[PDB]
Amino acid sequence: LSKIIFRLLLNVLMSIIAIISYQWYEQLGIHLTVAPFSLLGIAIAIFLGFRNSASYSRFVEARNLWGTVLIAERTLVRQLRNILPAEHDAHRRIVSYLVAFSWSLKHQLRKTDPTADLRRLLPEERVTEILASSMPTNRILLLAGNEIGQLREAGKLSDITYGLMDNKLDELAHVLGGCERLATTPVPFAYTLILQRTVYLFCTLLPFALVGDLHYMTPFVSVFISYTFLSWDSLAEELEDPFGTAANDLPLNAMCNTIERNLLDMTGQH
């Protein structure tokens, strides 16, 4: 939302009403000096800084989580190749679950229908199993767990090597919880609330308290200052929705294609 070019423009308009209405000032007895707006301005900058910090960390964590999908699924596929080179059937099954897991997680975070993707990757019976669950993505881990478990029952994996691969499903479990946590735990609203008020009220009142000092250069300076606060406030906005579909949000489709392309590269009998 580029209300930035709206507020920038609404700012010019506030400068102009300030310039012309500057007379009726002492009649009334209303004075605005810079100094107390420097105090508030500074306080707001500090609080914006700390807040944007949190915003940024949340977005970084969203990237890291998704990064771990790629890492853990890569490594699970590696272990399967290196430990069971012969077993391409199991290879293909486990891969399709891992790929399904990624897509499913994207769908869940975007609240979209994973049915088509699941159906492209899995047999109908497995899809039914997945979609029947109140927690589909988590049920994909269970099914992948079951493949690993069969290999174990059949003696193709020992307890040790079964365990090496289980750890990978643990990591994917940490991704899934993390994303869920992030999705339902925003940076607290109070922050963005408080700050949105103060930053808007501030950019509004500002040309009024600059007009005393600047006369005609009010608009050009009040705009430059306001853009600075709003640019910085809006970087938070652009970082607060990691899973969304906006241009600034995570390109989750491409990340899913990357994951799928990677797992497919590591298979094919080679």
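The first residue of the sequence shown is number 1, and the count goes up from there.
Averaged over Cα atoms, the B-factor as recorded in the entry is higher for 29 to 37 than for the other of 29 to 37 and 43 to 51.
For the pair 192 to 200 and 129 to 137, the mean B factor over Cα atoms is greater in 192 to 200. In this structure the maximum Cα B-factor among 56, 66, 220, 243 is found at 220. Among the modelled residues of the chain, residue 257 sits in the middle third by CA temperature factor in this PDB entry. Per the PDB record, residue ranking by Cα B-factor puts residue 60 in the lowest third of the chain.
Per-chain ranking of the deposited C-alpha B factor places residue 90 in the middle third. When the modelled residues of the chain are ordered by their C-alpha B factor, residue 124 lands in the middle third.
Annotation for residue 159: CA B-factor lies in the middle third of the chain's modelled residues.
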